[PDB]
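Shown next are two forms of a single protein chain, provided one at a time as structure tokens under the names structure 1 and structure 2.
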Structure 1
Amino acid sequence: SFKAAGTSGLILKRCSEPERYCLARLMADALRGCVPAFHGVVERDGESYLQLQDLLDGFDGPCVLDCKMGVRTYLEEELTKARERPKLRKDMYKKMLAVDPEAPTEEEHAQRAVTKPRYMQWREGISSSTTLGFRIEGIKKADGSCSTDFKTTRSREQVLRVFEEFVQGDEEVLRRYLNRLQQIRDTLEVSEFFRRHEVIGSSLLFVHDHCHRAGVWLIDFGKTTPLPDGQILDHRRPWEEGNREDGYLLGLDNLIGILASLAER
């Protein structure tokens, strides 16, 4: 979804309505500093783009880790959609045989295809999302090396070992990350945006360099949606269809915990 901007320090992202609505709101919220600066929409190839701060500007050869936050990674309306009018996905099927050949049902196999919520619930359960409320999605590196090979990274200790490898023994980065996550947690807990929105499919982006510069920002507000009038979430309690709960803060709590653990090793 990304394209280079004509201005130093910025990046363009393909405009989507929910995300655009979210960024505008966030620029006036307690979370303003916890997300990339949003500077408006622009037109390029007859196409609209979010004009964003490039979070990597300011770092020297940045290392990047994307952590998808939440116990739930799809909207409830996708559950409704799958029950009234399912669109079978043959792609979402072939991976399941790869990760776990006994995972698809006898019927899914005959279909060679799976619904969206089903595929997503299974991803949640073989990774750490269901149990810890986040998961690692990818790492991008200063050495050029990228990896998304984290589909079965699930246990507390597997997660810890990915971060241990990502920070490469830099106590100052790790310290800075933890200070940033504590301050983000504090912000989320008083944010008016956060208590009025179900935050699904967003990530915390960790960015550090060999100069010990470290930052974290929330990104990807494409599936982040306002709750019905005057309704709010606690972002910790289990999701049950109907309640719209995302377990975002369960995730954050556990992530902080794992980092604090790592720092004491």
Structure 2
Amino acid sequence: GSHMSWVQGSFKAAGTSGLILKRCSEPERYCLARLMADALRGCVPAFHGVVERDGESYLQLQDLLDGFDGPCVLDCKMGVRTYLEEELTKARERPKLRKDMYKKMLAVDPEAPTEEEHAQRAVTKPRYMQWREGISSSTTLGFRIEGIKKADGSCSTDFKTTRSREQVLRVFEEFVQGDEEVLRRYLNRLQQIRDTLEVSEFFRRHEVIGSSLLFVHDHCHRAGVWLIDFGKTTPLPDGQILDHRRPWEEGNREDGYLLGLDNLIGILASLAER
């Protein structure tokens, strides 16, 4: 019925029922305006424009939870790559050694850092993001589960080493809790999303990094999926286009978004036959 209802750091309650405010960023704002006129219009939350809240700009979005009765939510980070190629450029010309990310890496695996990273107590952003891709399913399957918010109020972000196809299947199995109608509805929606992406003018002309698919369902068997988070989705130069399936290699700007979606549909289709 509301995301802000579950909250109780980039979101704020809107004044209008059914909406939510997201801290406005230029890349995301650009993206949402273009998407409202794209094939993908229905695959993303409604973008109603910008509002100032305490001398501060917010995107006015559809709250995707508004139609659900006690929503279960799963955030699935899409792509084989989760950072812009410019992060590699910045990390070589002028590294901003991130002590925070060394610490976050240390927590998951104190042995992961190199001799020199240990000595710096700091890693580069790209190295941290590449490590996170490789110990999750991101690198091999082209997506990863980031978190779940349940109908019993229980939330979990404990998926950093969820990597095998079967490990990911078991998360979706637990998430859908035997609801065949929810799983069929998710699969019908993902098939239609994949069809829409494959014809989208926006999708062919944009490097889609850092975006998620948000799975939402309730005990009344309502089920929806939307693309969210266009903060790192960037227009390709001139008339360049991506296939969104081929492997990333610095300079080709490939995201493996549709490799992710192909695998995701594959795993849900497997689960539906179990």
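Each form is matched to the other, and the largest set of C-alpha atoms that superpose within 1.5 Å is called the rigid core. Counting starts at 1 and follows the sequence of structure 1.
Peer 1: Upon rigid core superposition, which of the listed residues (110, 190, 146, 99) is displaced by 2 angstroms or more at its Cα between structure 1 and structure 2?
Peer 2: By this measure, the answer is 99.
Peer 1: Give me the C-alpha shift of residue 50 between structure 1 and structure 2, core superposed, in Å.
Peer 2: On core superposition, this C-alpha lies 0.2 Å from its counterpart.
Peer 1: How many Å does the Cα of residue 90 travel between structure 1 and structure 2 when the structures are matched on their rigid core?
Peer 2: The shift comes out to 1.0 Å.
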